[PDB]
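A.B. asks: A structural model of the following input is requested.
(4 chains, ligands or ions: 2)
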Amino acid sequence: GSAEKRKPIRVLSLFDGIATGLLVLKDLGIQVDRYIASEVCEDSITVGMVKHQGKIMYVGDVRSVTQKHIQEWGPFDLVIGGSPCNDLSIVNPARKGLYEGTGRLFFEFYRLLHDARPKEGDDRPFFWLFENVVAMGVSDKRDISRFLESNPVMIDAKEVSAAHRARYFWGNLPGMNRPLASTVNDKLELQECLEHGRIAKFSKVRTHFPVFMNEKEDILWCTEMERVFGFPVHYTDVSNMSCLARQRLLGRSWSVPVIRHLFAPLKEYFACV
Amino acid sequence: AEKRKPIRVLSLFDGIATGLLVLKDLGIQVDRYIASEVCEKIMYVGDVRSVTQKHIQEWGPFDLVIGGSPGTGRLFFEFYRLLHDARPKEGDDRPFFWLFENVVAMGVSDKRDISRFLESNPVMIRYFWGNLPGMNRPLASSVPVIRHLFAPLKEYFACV
Amino acid sequence: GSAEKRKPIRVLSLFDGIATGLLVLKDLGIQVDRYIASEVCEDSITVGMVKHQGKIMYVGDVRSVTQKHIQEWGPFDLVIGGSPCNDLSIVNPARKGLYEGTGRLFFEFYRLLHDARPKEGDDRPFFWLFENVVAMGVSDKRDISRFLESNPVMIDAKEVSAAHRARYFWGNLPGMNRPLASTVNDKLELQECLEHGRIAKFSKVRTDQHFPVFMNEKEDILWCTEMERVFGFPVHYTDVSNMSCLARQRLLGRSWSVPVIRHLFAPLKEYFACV
Amino acid sequence: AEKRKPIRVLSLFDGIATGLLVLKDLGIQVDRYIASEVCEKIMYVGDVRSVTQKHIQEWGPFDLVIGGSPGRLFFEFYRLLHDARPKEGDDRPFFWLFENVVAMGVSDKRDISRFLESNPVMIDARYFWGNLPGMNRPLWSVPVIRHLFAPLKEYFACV
Ligand SMILES: Nc1ncnc2c1ncn2[C@@H]1O[C@H](CSCC[C@H](N)C(=O)O)[C@@H](O)[C@H]1O
Ligand SMILES: Nc1ncnc2c1ncn2[C@@H]1O[C@H](CSCC[C@H](N)C(=O)O)[C@@H](O)[C@H]1O
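C.D. replies: Numbers count the residues shown, from 1 in each chain, chains lettered A, B, ... in the order given. Ligands and ions are numbered 1, 2, ... in the order given. And now the structure:
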């Protein structure tokens, strides 16, 4: 209810991956004051380091960030994160649950978020987002929704892309449950993502052989995967990594249109280009 | 800083009323004792999954938070949630103490993670974390135990 | 000496690789009627198929192309080729020479070229280019110059790019020996080709115990996009078909330096239609 | 043609005199016989690597081209063949023979058959490629080359 000039957003991204959050914030025209990312895989760090010109301040393992570090590096306006899910997926029979293995990394989030929340009486806007899979144990989902004191929003990227990708999003972002918008940039069909001379067997990919090329079924190429998930073409064409490693990076990533849908209302809260 | 008042305790301990027995053993007045467990004005509230931040706010304020057992992650993380929910707000210098017990037979990953989250290195006896004057420890390289550890509490709260 | 509207060029590319010739012809603004390429490695075929939208008519092994094929597919205005060199380089001790192994592939060129030149009395313009390595046996170079009835022109990509790449070019292209022009598009230094956050040890790269680039106080080899920039190709030009970065490096190593081929093909604008 | 005229021959054969011996053994008149080897008026011209296309033009026209040995020399023979072939539209008679040993790589046999557009004649054991009538095939050496050259008596003058 008071007057001030809109200021650029200050972001803390845990488990940043290939810097989907910064890409989405840039695409929305939101000015990014600061982008401190916690990422441990060197390939993802190289992707984000190259494709954003060292704007990202990398701090490494999320377990090496202390509350004093949050206070000194802060304040932060947005705290986003997507913890590893190999120990949360019911597909994995050797899963260790939410509290063991790599699932307990979630609590790191729950830690730093509470360290980054404005102190009581501070009416400044503050937003956070935590993404994970839907195919987790019901007990794990209940526990996550208990710790975060929020019920998740189920969003499937098949509605704004050519990928079957349903995910749970906890957070306090404005209107996360609002209906998604299929715009003209959205490539809703797998055929729209293929390179020249390839045909798509299915409308939306579920990652058999999804494409036919000159009477010979193939798998999806890497640039086609970038198009499917909404990333710019050759966005992951850095650092001489194997195609399997690039596929690994792209599979753990966020669907760009989904994150754009989630971040769009932030334009009425921060400076915009 | 008013005159000494009776202590208010929140227990997620594996053995219910262990903390209450230790407190009565030291002769400390108890104004409230809320106990809970993990499963899979002195009250037992059952499953910790049923305890919310609003419940902690209503039953509170709390002065002591105890937890542990004589996977280790679930117990500690429930205890950590309750500790965060019961901790005084920044700028409230009122006394607030906590203790977490576990067995020494735990993965080094678990011990280091617990020490990191609690910002405290453990006391070896079993392993014990706490902020009571006495269990401040540098970097590492039966209820009588809790009695001796809780000894400094009678210097901060009213005794009968 | 007579009048006619200049027509688009008809090209036969043997050992085409990643379609460097078509890329250079397009960049110069020359109109391409048709582009028939003989290539056997499927990675190169996928590169050329994707990055030029299926405009290349692929015919496969050069040894499967007959004189009747050259006649029926023709006429052709430009016959270009760069045969494999692993049996011609002196760096290979197991080299089999020009006449055995993969070196004899050269003669396929010499074959099809003679099947493609206009019959005597046909005053129509007709050009051809054959590229190979400098580090080859002197006897092999003399034999190639004998069979092609032309002395080669030595061109090093270092003069017009950031790569050490000296090659022999036999051909009747107009003014092949003319001085090369260093334009503004040319990235003469390796630093100009590196991605963000990397520093170049040297000024120009060579074809061990040297990691050409420093990155954040660590030694690294050249990235694929940086190799593309070094060789003159567009960025992500070889980012197709899920091939290993080693295979991408192999494709880029065998290729022509784009600015060198542009220098060689420039005078063709005065002979064919230009968009 | 005006009449039967004496033959003109270009020999890259290993053994400079073989072609002339076989030609005189069949009684065929010879206006020109020029022999060359691989190294590395009847006349010897030395290394084939010294023979140019202009030399073939000046010494020519040629009616017969022979090469081989009872290999890198096949490509030299093929160069001389291309240089000696009649221009398009010249239906004058022109013949060639290439001999090699049957002990060759199957790759070499296939490559020679491709380049010469002809399948070879097996003679147990040597391979003979040629366009003489009777050398059409589907998929010392003096007497056999004599019997193979036999059809030359019907295209050139005999003494
Ligand atoms: N201990 C740790 N500290 C910080 N990051 C970690 C970590 N362990 C795993 N990670 C990272 O967390 C990521 C989870 S996958 C999520 C990636 C990101 N949401 C994106 O859109 O790209 C992985 O990329 C992994 O590299
Ligand atoms: N038998 C054959 N028929 C047709 N192409 C062949 C061949 N054997 C090898 N090649 C191709 O010849 C190429 C020689 S390397 C030259 C590539 C090309 N000049 C460029 O600029 O990219 C190789 O890519 C190889 O795939």
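
A.B. asks: OK, contacts around the residue in chain A that chain C sits nearest to?
C.D. replies: Chain C sits closest to residue A:234 of chain A, with a gap of 4.1 Å, by Cβ to the nearest Cβ. C-beta here means a position set from N, CA and C on the backbone, and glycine is covered the same way. Going by Cβ atoms under 8 Å, 6 or more residues apart in numbering or on different chains, residue A:234 touches A:223, A:226, C:235-236, C:239.

A.B. asks: Next up, the contacts around the residue of the stretch 51-200 of chain A at minimum distance from chain B.
C.D. replies: Residue nearest to chain B within the stretch 51-200 of chain A: residue A:99 (3.7 Å; Cβ to the nearest Cβ). By Cβ under 8 Å, 6+ apart, the residues touching residue A:99 are A:143, B:71, B:73-74, B:77.

A.B. asks: Shouldn't the residue of chain A closest to chain C be within a helix?
C.D. replies: No - assessed with DSSP: H, G, I helix; E, B strand; the rest coil, residue A:234 is coil; it does not lie in a helix.

A.B. asks: can you give me the helices in the stretch 1-150 of chain A?
C.D. replies: A:20-27, A:42-51, A:67-73, A:105-116, A:138-148 (DSSP state H, counting those that start in this stretch).

A.B. asks: just the stretch 151-273 of chain A next, same as before
C.D. replies: A:222-229, A:243-251, A:256-263.

A.B. asks: Using a markdown table, lay out these together with mean neighbour count.
C.D. replies: Below are those laid out as a markdown table (neighbours: other Cβ atoms under 10 Å in any protein chain shown):
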| stretch | mean neighbour count |
| --- | --- |
| helix A:222-229 | 24 |
| helix A:243-251 | 17 |
| helix A:256-263 | 24 |
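
A.B. asks: okay, among the contacts of residue A:234, which ones form the most distant pair?
C.D. replies: Greatest spatial distance among the contacts of residue A:234 (Cβ to Cβ): A:226 and C:235, at 14.7 Å.

A.B. asks: so who does the nearest residue in space to residue A:130 that is not next to it in sequence touch?
C.D. replies: Once flanking residues are discounted, residue A:130 sits nearest to residue A:170: 4.5 Å by Cβ to Cβ, 6 or more residues apart in numbering or on different chains. Residue A:170 makes contact with A:129-130, A:144-145, A:148, A:150-153, according to Cβ under 8 Å, 6+ apart.

A.B. asks: residues in contact with the closest residue to chain D within the stretch 1-150 of chain A?
C.D. replies: Proximity of the stretch 1-150 of chain A to chain D (Cβ to the nearest Cβ) peaks at residue A:43, 44.5 Å away. By Cβ under 8 Å, 6+ apart, the contact set of residue A:43 is A:239, A:241, A:245-246, A:248-249.

A.B. asks: Could you count how many residues lie near the residue lying closest to it once chain neighbours are set aside?
C.D. replies: Nearest non-adjacent residue to residue A:43, counting by Cβ to Cβ, 6+ apart: residue A:241, 5.2 Å away. Residue A:241 has 20 neighbours, counted by other Cβ atoms under 10 Å in any protein chain shown.

A.B. asks: Now residue A:241: phi and psi?
C.D. replies: phi -80, psi 150 (degrees, to the nearest 10).

A.B. asks: May I have the residues that are in contact with it?
C.D. replies: Residue A:241 is in contact with A:43, A:249, C:245, counting by Cβ under 8 Å, 6+ apart.

A.B. asks: And residue A:248, by the same measure?
C.D. replies: Going by Cβ under 8 Å, 6+ apart, the list of residues near residue A:248 reads residue A:43.

A.B. asks: do the same with residue A:119
C.D. replies: Listed by Cβ under 8 Å, 6+ apart, the contact partners of residue A:119 are B:89-91.

A.B. asks: Kindly report the same for residue A:19.
C.D. replies: A:13, A:35, A:37, A:44, A:47-48, A:51-52, A:56.

A.B. asks: repeat that with 7 Å
C.D. replies: A:37, A:47-48, A:51-52, A:56 (Cβ atoms under 7 Å, 6 or more residues apart in numbering or on different chains).

A.B. asks: got it, and residue A:110?
C.D. replies: A:147-148.

A.B. asks: Name the residue of the stretch 101-250 of chain A that lies nearest to chain D.
C.D. replies: Going by Cβ to the nearest Cβ, chain D is nearest to residue A:214 of the stretch 101-250 of chain A, at 27.2 Å.

A.B. asks: what's the closest non-adjacent residue to that residue?
C.D. replies: For residue A:214, ignoring the flanking residues on the chain, the nearest one in space by Cβ to Cβ, 6+ apart is residue A:197 at 6.8 Å.

A.B. asks: For burial, what's the neighbour tally of residue A:201?
C.D. replies: Around residue A:201 there are 13 residues (other Cβ under 10 Å).

A.B. asks: What does it show for phi and psi?
C.D. replies: Dihedral angles (degrees, to the nearest 10) for residue A:201: phi -70, psi -40.

A.B. asks: Isn't it up against residue A:208?
C.D. replies: No - assessed by Cβ atoms under 7 Å, residue A:201 is found out of contact with residue A:208, at 8.1 Å.

A.B. asks: Going by distance to ligand 1, which of the contacts of residue A:99 wins?
C.D. replies: Using Cβ to the nearest ligand atom, residue B:73 is the member of the contacts of residue A:99 that sits closest to ligand 1, with 15.2 Å.

A.B. asks: For the residue lying closest to residue A:181 once chain neighbours are set aside, give me its contacts.
C.D. replies: Excluding the flanking residues, the one nearest residue A:181 by Cβ to Cβ, 6+ apart is residue A:261, at 6.9 Å. Contacts for residue A:261 (Cβ under 7 Å, 6+ apart) come out as A:160, A:180-181.

A.B. asks: The stretch 1-150 of chain A against chain B: which residues are in contact?
C.D. replies: A:63, A:99-100, A:104, A:107, A:111, A:114, A:119-120, A:146-147, A:149 (Cβ under 7 Å from any Cβ of the partner chain).

A.B. asks: what's around the closest residue to residue A:266 other than its chain neighbours, how many residues?
C.D. replies: Distances taken as Cβ to Cβ, 6+ apart put residue A:30 closest to residue A:266, at 6.0 Å, once the chain neighbours are dropped. When neighbours are counted by other Cβ under 10 Å, residue A:30 registers 22.

A.B. asks: show me what contacts residue A:30?
C.D. replies: Going by Cβ under 7 Å, 6+ apart, residue A:30 touches A:9, A:266-267, A:270, A:272.

A.B. asks: Likewise for residue A:32?
C.D. replies: Counted by Cβ under 7 Å, 6+ apart, residue A:32 has contacts A:8-9, A:11, A:22, A:25-26.

A.B. asks: need those residues in TSV with neighbour count, can you?
C.D. replies: Formatted as TSV, the contacts of residue A:32 follow (neighbours: other Cβ under 10 Å):
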residue	neighbour count
A:8	16
A:9	24
A:11	23
A:22	21
A:25	25
A:26	16
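
A.B. asks: can you put these in CSV and add distance to ligand 2?
C.D. replies: Listed next are the contacts of residue A:32 as CSV, based on distance: Cβ to the nearest ligand atom, whole Å:
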residue, distance to ligand 2
A:8, 47
A:9, 47
A:11, 44
A:22, 37
A:25, 40
A:26, 36
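
A.B. asks: Now do the buried residues in stretch A:81-91.
C.D. replies: A:81-85, A:87-89 (16 or more other Cβ atoms under 10 Å in any protein chain shown).

A.B. asks: For the closest residue to ligand 2 within the stretch 101-250 of chain A, grab phi and psi.
C.D. replies: Ligand 2 sits closest to residue A:214 of the stretch 101-250 of chain A, with a gap of 18.3 Å, by Cβ to the nearest ligand atom. Here is the backbone geometry of residue A:214 (degrees, to the nearest 10): phi 50, psi 50.

A.B. asks: can you count the residues close to it?
C.D. replies: Neighbours around residue A:214, by other Cβ under 10 Å: 10.
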